[PDB]
Amino acid sequence: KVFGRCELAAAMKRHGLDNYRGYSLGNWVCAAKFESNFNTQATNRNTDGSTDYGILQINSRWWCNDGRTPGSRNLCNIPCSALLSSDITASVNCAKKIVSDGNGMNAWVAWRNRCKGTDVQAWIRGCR
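Last residue of the sequence shown: 128 in the authors' numbering, with the numbers rising by one and none dropped.
Encoded structure:
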């Protein structure tokens, strides 16, 4: 599923991402935009053989199991295919554990390079 800007903002707000660990809702929407273009089925292969999955491009190296990343961890305890669902529940729950491990949202390269230090509030402007 390809989410709308305000549609995803409402969904994320309901799952308790607004102000989670000090990060306003605008940051999460901005991250989703430049990681997957609001597409839940987005996948990308990394050089080391791992793969990013879903709306927030979560790495199979540490967080999920896809069965083809030798010597990797499954810290979110889910198959990576569950992150491609039209229901973002799995992706949100896993992202909460990632943002809490010390590095914050710096774990997402696109947020660090294209969202950090900008007016992220603009991403939720106009939404009910």
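Here a beta-carbon is modelled for each residue, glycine too, at the ideal position from N, C-alpha and C.
With a 10 Å radius around the Cβ and a threshold of 16 neighbouring Cβ atoms, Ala122 comes out exposed. Checking the DSSP bridge columns, you'll see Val2 partnered with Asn39.
Residue range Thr89 to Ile98 is occupied by the alpha helix (DSSP H) that includes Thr89. Annotation: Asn103 is outside any alpha helix (DSSP H) and is labelled neither H nor E by DSSP. The beta carbons of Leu84 and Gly54 sit closer together than 7 Å.
DSSP, reduced to helix, strand and coil, places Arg45 within a strand of the structure shown.
Under the DSSP assignment, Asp52 falls in the beta strand (DSSP E) whose first and last residues are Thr51 to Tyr53. About 6 Å separates the Cβ atoms of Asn44 and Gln57, confirming a contact at the 8 Å cut-off.
Contact check for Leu25 against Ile124 passes: the beta carbons are separated by less than 7 Å.
In the DSSP assignment, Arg112 falls within the unbroken alpha helix (DSSP H) covering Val109 to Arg114.
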